[PDB]
file target-v7.csv (CSV, C-alpha atoms and all ligand atoms)
chain,number,residue,atom,x,y,z
J,2,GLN,CA,-71.2,40.4,-55.9
J,3,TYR,CA,-73.3,39.8,-59.1
J,4,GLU,CA,-71.0,41.4,-61.7
J,5,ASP,CA,-71.6,41.2,-65.4
J,6,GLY,CA,-69.4,38.5,-67.1
J,7,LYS,CA,-69.4,36.3,-64.0
J,8,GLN,CA,-72.9,34.9,-63.3
J,9,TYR,CA,-74.4,36.2,-66.5
J,10,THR,CA,-73.8,37.9,-69.9
J,11,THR,CA,-75.7,40.7,-71.6
J,12,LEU,CA,-77.1,40.6,-75.1
J,13,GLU,CA,-75.6,43.1,-77.5
J,14,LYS,CA,-79.1,43.7,-79.1
J,15,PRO,CA,-81.9,42.6,-76.8
J,16,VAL,CA,-85.1,40.9,-78.0
J,17,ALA,CA,-88.2,42.9,-77.3
J,18,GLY,CA,-91.3,41.1,-75.9
J,19,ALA,CA,-89.3,37.9,-74.9
J,20,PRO,CA,-90.7,35.9,-72.0
J,21,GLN,CA,-89.5,36.9,-68.6
J,22,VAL,CA,-87.5,33.6,-68.1
J,23,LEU,CA,-86.8,31.4,-71.1
J,24,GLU,CA,-85.1,28.0,-71.0
J,25,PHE,CA,-83.7,26.3,-74.2
J,26,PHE,CA,-83.0,22.6,-74.0
J,27,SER,CA,-82.5,19.5,-76.1
J,28,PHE,CA,-83.4,15.9,-75.3
J,29,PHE,CA,-79.9,15.1,-76.8
J,30,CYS,CA,-78.1,17.6,-74.5
J,31,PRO,CA,-76.0,15.8,-71.9
J,32,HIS,CA,-76.2,18.7,-69.4
J,33,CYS,CA,-79.9,19.3,-70.1
J,34,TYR,CA,-80.4,15.7,-68.8
J,35,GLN,CA,-78.6,16.6,-65.6
J,36,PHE,CA,-80.6,19.8,-65.3
J,37,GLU,CA,-83.8,17.8,-65.4
J,38,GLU,CA,-82.9,14.6,-63.5
J,39,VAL,CA,-80.1,15.5,-61.0
J,40,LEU,CA,-80.1,19.2,-60.4
J,41,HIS,CA,-83.8,20.1,-61.0
J,42,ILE,CA,-82.8,23.5,-62.2
J,43,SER,CA,-86.3,24.6,-63.4
J,44,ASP,CA,-88.1,23.6,-60.1
J,45,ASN,CA,-85.4,25.2,-58.0
J,46,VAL,CA,-85.4,28.4,-60.1
J,47,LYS,CA,-89.2,28.7,-59.9
J,48,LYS,CA,-88.9,28.4,-56.1
J,49,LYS,CA,-86.8,31.6,-55.8
J,50,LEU,CA,-88.9,33.6,-58.2
J,51,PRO,CA,-91.8,35.9,-57.3
J,52,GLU,CA,-94.9,33.8,-57.4
J,53,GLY,CA,-96.4,35.8,-60.2
J,54,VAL,CA,-93.6,35.0,-62.8
J,55,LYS,CA,-94.0,32.6,-65.7
J,56,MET,CA,-91.1,30.5,-66.9
J,57,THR,CA,-91.0,29.2,-70.5
J,58,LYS,CA,-89.1,26.2,-71.8
J,59,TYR,CA,-88.4,25.6,-75.5
J,60,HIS,CA,-86.7,22.7,-77.4
J,61,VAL,CA,-84.1,23.3,-80.1
J,62,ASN,CA,-83.5,21.8,-83.6
J,63,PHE,CA,-79.8,21.8,-83.9
J,64,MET,CA,-78.9,18.6,-81.9
J,65,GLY,CA,-79.7,15.1,-82.9
J,66,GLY,CA,-79.9,15.3,-86.7
J,67,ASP,CA,-83.4,14.8,-88.2
J,68,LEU,CA,-84.6,13.7,-84.7
J,69,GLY,CA,-84.0,17.2,-83.3
J,70,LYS,CA,-86.8,18.6,-85.5
J,71,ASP,CA,-89.2,15.8,-84.6
J,72,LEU,CA,-88.5,16.3,-80.9
J,73,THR,CA,-89.1,20.1,-81.2
J,74,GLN,CA,-92.5,19.3,-82.8
J,75,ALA,CA,-93.2,16.6,-80.1
J,76,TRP,CA,-92.3,19.2,-77.4
J,77,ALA,CA,-94.8,21.5,-79.1
J,78,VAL,CA,-97.4,18.8,-78.8
J,79,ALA,CA,-96.4,18.4,-75.1
J,80,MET,CA,-97.0,22.1,-74.5
J,81,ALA,CA,-100.3,22.0,-76.4
J,82,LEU,CA,-101.7,19.2,-74.4
J,83,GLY,CA,-100.0,20.4,-71.2
J,84,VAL,CA,-98.3,17.0,-70.6
J,85,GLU,CA,-94.7,18.2,-70.3
J,86,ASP,CA,-94.4,16.6,-66.8
J,87,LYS,CA,-95.6,13.2,-68.1
J,88,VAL,CA,-93.2,13.0,-71.0
J,89,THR,CA,-90.0,14.8,-70.1
J,90,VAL,CA,-88.3,12.0,-68.2
J,91,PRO,CA,-89.1,9.1,-70.6
J,92,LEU,CA,-88.0,11.3,-73.6
J,93,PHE,CA,-84.7,12.1,-71.9
J,94,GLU,CA,-84.2,8.5,-71.0
J,95,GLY,CA,-85.3,7.0,-74.3
J,96,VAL,CA,-82.9,9.4,-76.2
J,97,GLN,CA,-79.9,9.4,-73.9
J,98,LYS,CA,-80.1,6.5,-71.5
J,99,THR,CA,-81.5,3.5,-73.4
J,100,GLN,CA,-81.2,5.1,-76.9
J,101,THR,CA,-84.6,3.5,-77.8
J,102,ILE,CA,-85.9,6.7,-79.4
J,103,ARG,CA,-84.6,6.7,-83.0
J,104,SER,CA,-87.6,7.7,-85.1
J,105,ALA,CA,-90.8,9.8,-84.8
J,106,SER,CA,-92.7,6.5,-84.2
J,107,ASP,CA,-90.6,6.0,-81.1
J,108,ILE,CA,-91.4,9.5,-79.7
J,109,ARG,CA,-95.1,8.7,-80.3
J,110,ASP,CA,-94.8,5.5,-78.3
J,111,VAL,CA,-93.5,7.5,-75.3
J,112,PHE,CA,-96.6,9.7,-75.4
J,113,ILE,CA,-98.9,6.7,-75.7
J,114,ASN,CA,-97.2,4.9,-72.8
J,115,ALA,CA,-97.6,8.1,-70.8
J,116,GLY,CA,-101.4,8.1,-71.3
J,117,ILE,CA,-101.8,10.4,-74.4
J,118,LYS,CA,-104.2,8.6,-76.8
J,119,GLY,CA,-102.5,7.8,-80.1
J,120,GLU,CA,-105.1,9.6,-82.1
J,121,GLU,CA,-105.0,12.7,-80.0
J,122,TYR,CA,-101.2,12.8,-80.3
J,123,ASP,CA,-101.6,12.6,-84.1
J,124,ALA,CA,-104.3,15.3,-84.2
J,125,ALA,CA,-102.2,17.6,-82.1
J,126,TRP,CA,-99.1,16.8,-84.2
J,127,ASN,CA,-100.8,18.0,-87.3
J,128,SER,CA,-102.7,20.9,-85.7
J,129,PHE,CA,-102.3,24.6,-86.4
J,130,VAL,CA,-101.5,25.2,-82.7
J,131,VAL,CA,-98.5,22.9,-82.9
J,132,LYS,CA,-97.4,24.4,-86.2
J,133,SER,CA,-97.4,27.8,-84.5
J,134,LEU,CA,-95.6,26.5,-81.4
J,135,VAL,CA,-92.8,25.1,-83.6
J,136,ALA,CA,-92.5,28.5,-85.3
J,137,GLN,CA,-92.4,30.2,-81.9
J,138,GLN,CA,-89.6,28.0,-80.5
J,139,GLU,CA,-87.5,28.5,-83.7
J,140,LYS,CA,-88.0,32.3,-83.7
J,141,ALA,CA,-87.0,32.5,-80.0
J,142,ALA,CA,-83.7,30.7,-80.7
J,143,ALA,CA,-83.0,32.8,-83.8
J,144,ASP,CA,-83.8,36.0,-81.8
J,145,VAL,CA,-81.0,35.3,-79.3
J,146,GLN,CA,-78.7,33.8,-82.0
J,147,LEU,CA,-78.7,30.6,-79.9
J,148,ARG,CA,-75.6,28.5,-80.4
J,149,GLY,CA,-75.9,25.9,-77.7
J,150,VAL,CA,-78.0,24.4,-74.9
J,151,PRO,CA,-78.7,24.5,-72.1
J,152,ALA,CA,-79.4,28.2,-72.0
J,153,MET,CA,-81.6,30.6,-70.0
J,154,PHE,CA,-82.5,34.1,-70.9
J,155,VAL,CA,-84.0,36.7,-68.6
J,156,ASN,CA,-86.2,39.4,-70.1
J,157,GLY,CA,-84.4,38.8,-73.4
J,158,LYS,CA,-81.4,40.8,-72.2
J,159,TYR,CA,-79.4,38.6,-69.8
J,160,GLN,CA,-78.0,35.1,-70.5
J,161,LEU,CA,-77.0,32.9,-67.6
J,162,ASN,CA,-73.4,31.8,-67.5
J,163,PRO,CA,-73.2,28.5,-65.4
J,164,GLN,CA,-69.5,28.2,-66.3
J,165,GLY,CA,-68.7,31.3,-64.3
J,166,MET,CA,-70.3,29.9,-61.2
J,167,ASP,CA,-69.0,27.3,-58.7
J,168,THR,CA,-69.5,23.8,-60.1
J,169,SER,CA,-67.6,21.6,-57.6
J,170,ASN,CA,-70.8,21.0,-55.6
J,171,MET,CA,-74.1,20.2,-57.2
J,172,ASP,CA,-76.3,21.8,-54.6
J,173,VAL,CA,-74.2,24.9,-54.3
J,174,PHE,CA,-74.3,25.2,-58.1
J,175,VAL,CA,-78.1,25.1,-58.2
J,176,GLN,CA,-78.4,27.6,-55.4
J,177,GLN,CA,-76.1,30.1,-57.2
J,178,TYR,CA,-78.0,29.5,-60.4
J,179,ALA,CA,-81.5,30.0,-58.9
J,180,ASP,CA,-80.2,33.1,-57.0
J,181,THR,CA,-78.8,34.6,-60.2
J,182,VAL,CA,-82.1,34.3,-62.0
J,183,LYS,CA,-83.9,36.0,-59.1
J,184,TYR,CA,-81.4,38.8,-59.2
J,185,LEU,CA,-81.8,39.2,-62.9
J,186,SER,CA,-85.6,39.0,-62.8
J,187,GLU,CA,-85.4,41.9,-60.3
J,188,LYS,CA,-83.7,44.1,-63.0
J,201,LIG,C1,-74.0,26.0,-73.8
J,201,LIG,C2,-72.7,25.2,-73.5
J,201,LIG,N1,-72.9,23.8,-73.1
J,201,LIG,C3,-72.8,22.7,-74.1
J,201,LIG,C4,-71.4,22.2,-74.4
J,201,LIG,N2,-70.6,21.9,-73.2
J,201,LIG,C5,-69.9,22.9,-72.4
J,201,LIG,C6,-69.3,22.1,-71.4
J,201,LIG,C7,-69.7,20.8,-71.6
J,201,LIG,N3,-70.5,20.7,-72.7
J,201,LIG,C8,-73.0,23.5,-71.7
J,201,LIG,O1,-73.1,22.4,-71.4
J,201,LIG,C9,-73.1,24.6,-70.7
J,201,LIG,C10,-72.7,24.3,-69.2
J,201,LIG,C11,-73.7,24.1,-68.3
J,201,LIG,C12,-73.6,23.7,-67.0
J,201,LIG,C13,-72.3,23.5,-66.4
J,201,LIG,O2,-72.0,23.2,-65.1
J,201,LIG,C14,-72.5,22.1,-64.5
J,201,LIG,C15,-73.1,21.0,-65.3
J,201,LIG,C16,-73.6,19.9,-64.6
J,201,LIG,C17,-73.4,19.8,-63.2
J,201,LIG,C18,-73.9,18.6,-62.6
J,201,LIG,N4,-74.2,17.6,-62.0
J,201,LIG,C19,-72.8,20.8,-62.5
J,201,LIG,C20,-72.6,20.5,-61.0
J,201,LIG,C21,-72.3,21.9,-63.2
J,201,LIG,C22,-71.2,23.7,-67.3
J,201,LIG,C23,-71.4,24.1,-68.7

call {"tool": "encode", "arguments": {"input": "target-v7.csv", "output": "structure tokens", "more": "lines below"}}
Ligand SMILES: CCN(CCn1cccn1)C(=O)Cc1ccc(Oc2ccc(C#N)c(C)c2)cc1
result
Amino acid sequence: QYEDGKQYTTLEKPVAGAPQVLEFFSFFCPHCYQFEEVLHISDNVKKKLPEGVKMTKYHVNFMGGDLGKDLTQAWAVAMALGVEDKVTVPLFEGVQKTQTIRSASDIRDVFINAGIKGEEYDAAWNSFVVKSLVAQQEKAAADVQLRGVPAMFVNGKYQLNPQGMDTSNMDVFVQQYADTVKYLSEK
């Protein structure tokens, strides 16, 4: 019922030490926007996972021109301050809905409006921790030879394949997605 090539793919040369469940997204990615706002893929996947399992989510550089790099660093700041849940929706909307995010200054305005003090954003932005998080996200994408988003990898061996699942019903799709990750995490 869970055959290889249908719900998932397998990496030709796995990545040792990868997180158990790794999501790659871009704030420019049309389907990543749905995955956040309409499907809630991350929340629904976490719900089907054993309670002692961490999920990791990384931003990618290769969409959005120069802004893709700035958003990857801003996402690193978000991870460093632990404010992902305060900035995810206004970044998605500013980039894709209203298209009001066109510079690094615009990203910063989102964080300030979300309650992060301007000076603390800047200090995080220029910190060694954020430098290292940026490196981590880029290495993770290179390690799996990531070509596009959204993507989810399980134990650095298995790559989810949403296009082999049933996509005519949003809620059936999300259930098949979350159930496929639980299966794969059990491998
Ligand atoms: C990595 C490739 N990639 C980018 C380029 N690309 C491919 C097709 C369109 N763009 C993806 O987007 C991959 C993809 C993801 C999901 C998915 O299925 C659904 C999406 C939204 C909803 C809703 N709401 C439903 C119900 C299903 C289909 C495909």

call {"tool": "atom_distance", "arguments": {"input": "target-v7.csv", "atom1": "atom CA of residue J:138", "atom2": "atom CA of residue J:15"}}
result
16.9 Å

call {"tool": "closest_atom_pairs", "arguments": {"input": "target-v7.csv", "of": "chain J", "to": "ligand LIG 201 (chain J)", "cutoff": "10 Å", "atoms": "all atoms listed in the file", "output": "tab-separated table"}}
result
residue	atom	partner	partner_atom	distance
J:25	CA	J:LIG201	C1	9.7
J:26	CA	J:LIG201	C1	9.6
J:30	CA	J:LIG201	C3	7.4
J:31	CA	J:LIG201	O1	7.2
J:32	CA	J:LIG201	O1	5.2
J:33	CA	J:LIG201	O1	7.6
J:34	CA	J:LIG201	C16	9.0
J:35	CA	J:LIG201	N4	5.8
J:36	CA	J:LIG201	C16	7.0
J:38	CA	J:LIG201	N4	9.3
J:39	CA	J:LIG201	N4	6.3
J:40	CA	J:LIG201	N4	6.3
J:41	CA	J:LIG201	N4	10.0
J:147	CA	J:LIG201	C1	9.0
J:148	CA	J:LIG201	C1	7.2
J:149	CA	J:LIG201	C1	4.3
J:150	CA	J:LIG201	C1	4.4
J:151	CA	J:LIG201	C1	5.2
J:152	CA	J:LIG201	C1	6.1
J:153	CA	J:LIG201	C1	9.7
J:161	CA	J:LIG201	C11	9.4
J:162	CA	J:LIG201	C10	7.7
J:163	CA	J:LIG201	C12	5.1
J:164	CA	J:LIG201	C22	4.9
J:165	CA	J:LIG201	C22	8.5
J:166	CA	J:LIG201	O2	7.9
J:167	CA	J:LIG201	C21	7.8
J:168	CA	J:LIG201	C21	4.6
J:169	CA	J:LIG201	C20	6.1
J:170	CA	J:LIG201	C20	5.7
J:171	CA	J:LIG201	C20	4.1
J:172	CA	J:LIG201	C20	7.5
J:173	CA	J:LIG201	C20	8.2
J:174	CA	J:LIG201	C20	5.8
J:175	CA	J:LIG201	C20	7.7
J:178	CA	J:LIG201	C12	9.8

call {"tool": "residues_around", "arguments": {"input": "target-v7.csv", "residues": "residue J:125", "least_positions_apart": "4", "cutoff": "12 Å", "atoms": "all atoms listed in the file", "output": "number ranges by chain"}}
result
J: 74-83, 109, 112, 117-121, 129-134

call {"tool": "closest_residue", "arguments": {"input": "target-v7.csv", "among": "J:60, J:92, J:140, J:2", "to": "residue J:24", "atoms": "only C-alpha atoms"}}
result
J:60

call {"tool": "atom_distance", "arguments": {"input": "target-v7.csv", "atom1": "atom CA of residue J:114", "atom2": "atom CA of residue J:71"}}
result
17.9 Å

call {"tool": "residues_around", "arguments": {"input": "target-v7.csv", "residues": "residue J:111", "least_positions_apart": "5", "cutoff": "10 Å", "atoms": "only C-alpha atoms", "output": "list in words"}}
result
residues 87, 88, 89, 90, 91, 92, 95, 102, 106, 116 and 117 of chain J

call {"tool": "atom_distance", "arguments": {"input": "target-v7.csv", "atom1": "atom CA of residue J:45", "atom2": "atom CA of residue J:144"}}
result
26.2 Å

call {"tool": "closest_residue", "arguments": {"input": "target-v7.csv", "among": "J:96, J:72, J:12, J:42", "to": "residue J:29", "atoms": "all atoms listed in the file"}}
result
J:96

call {"tool": "closest_residue", "arguments": {"input": "target-v7.csv", "among": "J:7, J:47, J:158, J:55", "to": "residue J:185", "atoms": "only C-alpha atoms"}}
result
J:158

call {"tool": "closest_residue", "arguments": {"input": "target-v7.csv", "among": "J:68, J:46, J:54, J:16", "to": "residue J:142", "atoms": "all atoms listed in the file"}}
result
J:16

call {"tool": "closest_residue", "arguments": {"input": "target-v7.csv", "among": "J:9, J:28, J:37, J:187", "to": "residue J:108", "atoms": "all atoms listed in the file"}}
result
J:28

call {"tool": "residues_around", "arguments": {"input": "target-v7.csv", "residues": "residue J:188", "least_positions_apart": "2", "cutoff": "12 Å", "atoms": "only C-alpha atoms", "output": "mmCIF file with C-alpha atoms, in the coordinates of the input"}}
result
data_model
loop_
_atom_site.group_PDB
_atom_site.id
_atom_site.type_symbol
_atom_site.label_atom_id
_atom_site.label_comp_id
_atom_site.auth_asym_id
_atom_site.auth_seq_id
_atom_site.Cartn_x
_atom_site.Cartn_y
_atom_site.Cartn_z
ATOM 1 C CA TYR J 3 -73.300 39.800 -59.100
ATOM 2 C CA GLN J 21 -89.500 36.900 -68.600
ATOM 3 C CA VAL J 155 -84.000 36.700 -68.600
ATOM 4 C CA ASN J 156 -86.200 39.400 -70.100
ATOM 5 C CA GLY J 157 -84.400 38.800 -73.400
ATOM 6 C CA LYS J 158 -81.400 40.800 -72.200
ATOM 7 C CA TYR J 159 -79.400 38.600 -69.800
ATOM 8 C CA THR J 181 -78.800 34.600 -60.200
ATOM 9 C CA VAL J 182 -82.100 34.300 -62.000
ATOM 10 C CA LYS J 183 -83.900 36.000 -59.100
ATOM 11 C CA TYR J 184 -81.400 38.800 -59.200
ATOM 12 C CA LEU J 185 -81.800 39.200 -62.900
ATOM 13 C CA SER J 186 -85.600 39.000 -62.800
#
